[PDB]
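The chain below stands alone and is given as structure tokens, in the form deposited in one PDB entry.
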């Protein structure tokens, strides 16, 4: 009785679901209408063909926003690389590290949204879309061109940006990891070591990242691509300091607001980078099966009593399993006493109790 169920769910109505499916509600005989009731729900933010990761890094932005105590993620659907001879594995790594940070922090905050980050840069040089391919163009982090008067990429360069209005922000700190090239006119042995740092101007804390690999962007030596760390930053005034190659800084941040009592996120799939990202204590991964977004919605109509490592317990009283990492009102697997002294209602002259 009350076996744990392998599904994402909620304890009450205070939940929110981020998705990459079609969220909208797309008849005298009402059983022909196949929209689930939660279609168009204000507890769902979802766009077919997009995702938090895509909107965080690329031009085809969708304005994901949501607030809830129990946050749920539906993750679903060659691969992206910055350069013709890049490496998509770096992007699989970026994705795992992004969602690790998003999943972890959404166990601590009610509210997620995106904000645009502006910068102040003292030079004349402008942004350049250095990282792209045939279907997608990267715009976060922004990359700033060489000043016309510098003859090569061996220069220092900085810009200011401010983060305001949220408790914490998730931003990308990235470098091209390998032998970066300034131009194809250059010699083969002339390469650069991308180096980037963010500096809190008030606290004096520096987050830095130096390129360390030897890969490049040719058929003989391929692999050069963007490696990103995802930083959770407090609000304040920051300076992006580049010691070599192109200055990069954030153009978009995930805004985190409204702290809650720690409540693990729940994640479900239709790569396994979301699986790698979803770890205890901050995330419960569910490998649910019949898995369409439309089936998820129907499965989110009713509450459950307890959400735990093994799954969802519908009922709050007893189970054959002991809940581990339980949240909510969790059942016991103790077997219940047959009798106690309250039970008998008369003293027997000849039998003991």
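Numbering follows the first chain given and starts at 1. Each form is matched to the other, and the largest set of C-alpha atoms that superpose within 1.5 Å is called the rigid core.
Not pictured, yet referred to below: the form deposited in another entry.
Of the candidates 298, 48, 63, 320, the Cα that moves 2 angstroms or more after core superposition between the shown form and the other one belongs to 298 alone. Core-aligned CA deviation for residue 340 between the shown form and the other one: 2 Å or greater. Whereas the displayed form keeps them at a certain spacing, the CA atoms of residue 296 and residue 48 lie at least 3 angstroms farther apart in that other deposited form.
In contrast to the form presented, in that other deposited form the C-alpha positions of residue 311 and residue 298 draw closer by 3 Å or more.
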